[PDB]
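# Descriptive analysis of the structure
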Amino acid sequence: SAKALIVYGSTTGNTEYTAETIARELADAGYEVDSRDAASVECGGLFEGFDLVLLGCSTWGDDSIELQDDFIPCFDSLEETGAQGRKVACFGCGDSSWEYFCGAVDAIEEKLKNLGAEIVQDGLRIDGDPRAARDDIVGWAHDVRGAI
Ligand SMILES: Cc1cc2nc3c(=O)[nH]c(=O)nc-3n(C[C@H](O)[C@H](O)[C@H](O)COP(=O)(O)O)c2cc1C
């Protein structure tokens, strides 16, 4: 039960760094971690074979909440990923200047719940430079593991 998948959408590298930091925490704890940029993934059956799935996505949109571009395809086809009964947790980078702070996390969590996933922890929301939030990221990964 030690297979973890991380799929992230990141344009300026912040959610990518966050994914790398989570991946190391899980691997140190004994998980076999498969980290993938959402740009590279196929949506059909994406979660197959994984005991834990972590989804990272930054938030965009001129005057609406939009997901990072590379994440949109598998969000649109999230019902084909194998999320039913899957343990999942979400993370994302954003900027609290925006009212809908890390709103992509809300959109992904709400759809996952409809699709029957088990959300193992409330999503991690990072403001600004994620390197300045490293302790929060490591602690969240620790807490996700402890809620399995
Ligand atoms: C047009 C635009 C819209 C944005 N909208 C939001 C937003 O609604 N909520 C939020 O938290 N951050 C918003 N941001 C901030 C980005 O999510 C932030 O730059 C983040 O660090 C990017 O993460 P990434 O490098 O992983 O893509 C917006 C940024 C831009 C340029």
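Residues numbered from 1 in each chain as written, not as in the entry; some residues may be left out. Heavy atoms only, no water.

Per the deposition metadata, X-ray crystallography was the technique used to determine this entry, at a resolution of 1.350 Å.

## Quick look at the site of the ligand
Near the ligand you find 17 residues, and of these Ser10, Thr12, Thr15, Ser58 and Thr59 are the closest. One of the side-chain N or O atoms of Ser58 is found 2.7 Å from an oxygen atom in the ligand. Separating an oxygen atom of the ligand from a backbone N or O atom of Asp95 is a distance of 3.1 Å. Taken by itself the ligand offers 650 Å² of open surface, and the protein chains cover 82% of this. A molecule is said to occupy a pocket when more than half its atoms come within 2 Å of that pocket's grid points, and by this definition the ligand occupies the largest pocket. Contributions of two or more residues to the shell around the ligand are made by α1 (14-28), β4 (59-60) and β6 (87-94). Here the shell around the ligand is built from residues that sort into 6 nonpolar, 10 polar and 1 charged. (Near = heavy atom within 4 Å. Polar contact = N/O pair within 3.5 Å; in protein donor to acceptor, adjacent residues only side chain to side chain. Areas by Shrake-Rupley, 256 points an atom, 1.4 Å probe, with all protein chains shown as cover. 1 Å grid on protein atoms, 1.4 Å probe; cavity = no way out; pocket = protein on both sides within 12 Å on 5 of 7 lines; lining within 4 Å. Sits in = over half its atoms within 2 Å of the grid points. Helix = DSSP H or I, 4+ residues; strand = E, 2+ residues; numbered from the N terminus. Nonpolar A, V, L, I, M, F, W, Y, C, P; charged D, E, K, R; others polar.)

## Structural notes on the state of the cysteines
Within the structure shown, the criterion is met by 1 disulfide. With a sulfur-sulfur separation of 2.0 Å, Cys43 is cross-linked through a disulfide to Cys74. Given an S-S torsion of about -90°, the disulfide between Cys43 and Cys74 has left-handed geometry. Of the two residues, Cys43 sits in the loop between β2 (32-37) and β3 (52-57) while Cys74 sits in helix α2 (residues 72-76), which places them 31 residues apart along the sequence. An identical accessibility class is assigned to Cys43 and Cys74; each is buried. (Disulfide = S-S within 2.5 Å. Buried < 20%, exposed > 50% of the residue type's maximum accessible area, 1.4 Å probe, protein only.)

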